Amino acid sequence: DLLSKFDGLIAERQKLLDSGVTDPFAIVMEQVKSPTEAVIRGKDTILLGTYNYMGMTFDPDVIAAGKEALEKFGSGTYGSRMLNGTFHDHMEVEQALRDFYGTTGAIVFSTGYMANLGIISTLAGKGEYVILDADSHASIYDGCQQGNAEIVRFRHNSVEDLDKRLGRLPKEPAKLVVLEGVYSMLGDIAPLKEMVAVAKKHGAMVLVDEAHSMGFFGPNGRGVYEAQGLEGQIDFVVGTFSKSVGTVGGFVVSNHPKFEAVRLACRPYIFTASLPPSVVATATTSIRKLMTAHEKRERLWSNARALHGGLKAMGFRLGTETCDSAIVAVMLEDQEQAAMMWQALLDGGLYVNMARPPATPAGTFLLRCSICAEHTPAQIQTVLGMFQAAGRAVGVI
């Protein structure tokens, strides 16, 4: 039947369970003490696989904003933005985004996935081109799939290939080059400056996904593009509320004068319920605090450097040579090594993300650590001690 095509995934999952590891896709934060600590499997566990980069989920202003919205506006909105839909807090979150990015335009979506699905499938139609980095987020690929544009992949972080690939395309059709500031797999940074210059040489518009930089890149927290001096040169910036902001939702911001017209054509914007009052109140409050969250940001980068530097010192192979983001990827030799390492850490009271094929390429097996501005120096050293103990026990280092 229709589910028979899953027999292979069901077998592979059971074969992983046969190894004796905890089901990695069924971990439950039974209790959450803080942005960095939760009770998992009855054990107090340090969290190092969240993308809660700025620890805003327990910020007292954020929580109070959320509680106030539930009291004032209820548990939900009344369907689509384009119908009953739009509450006061939705107009506020959009303005919070404008103020944060210094843009005239801001369209919020009900998820980050849907923002990418939507903006990509809506901006580029038949006969037009979407040119994307080969390791773009799944939501970017799905957006290409939802659209009817021609899709053009280029080699990962290759300025050369972007240029050659763009150059071969016909000049007249409109083009969208899709980049990410920080790429989530290895925690590496795009050379946006060079890629944007290449994009503009060929007359292409540029979309940058800054989900993994919001709040802690650039002088205003706007992302890698702002860090690299590209203010006013990026046509569209996409992001999410689910990383630094600390809730759900997606968005695209832009200074294009027609940008608000996307609301009129964008199906994942039109045909879904708007976010609950509490979600947009917490996002609004968090976003605004993120404009001037210097202490958090400093601690985030201090934590990232300590984890990255310490893990490299012990002899772990990392995804990046230098500490370029709040993601640190530990690269392991085989899938078994990853699992035992992952289980060891979990059992010792640390949760990190495990990444394996097909999540990664066939020749790559990762443990992905995501640093939080609310990790303490003590926690970071405890994690280092834990990686040292696990790596040595498993024979990785």
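One-based numbering along the sequence shown.
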Ranked by mean Cα B-factor in the entry, 181-189 and 216-224, top stretch is 181-189
The stretch carrying the higher mean Cα B factor in the deposited entry, 301-309 or 149-157, is 149-157
One of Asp209, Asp163, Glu295, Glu128 has the largest Cα B-factor in the entry, namely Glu295
Per the deposited B-factor column, the C-alpha that peaks among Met82, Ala174, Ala283, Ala326 belongs to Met82
Among the modelled residues of its chain, the C-alpha B-factor of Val352 falls in the third labelled highest
Among the modelled residues of its chain, the C-alpha B-factor of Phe58 falls in the third labelled lowest
On the chain's distribution of Cα B-factors, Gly203 falls within the third called middle
Entry-reported C-alpha B-factor of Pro170 relative to its chain, by third, is middle
So, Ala115's CA B-factor, relative to its chain, sits in which third? The lowest
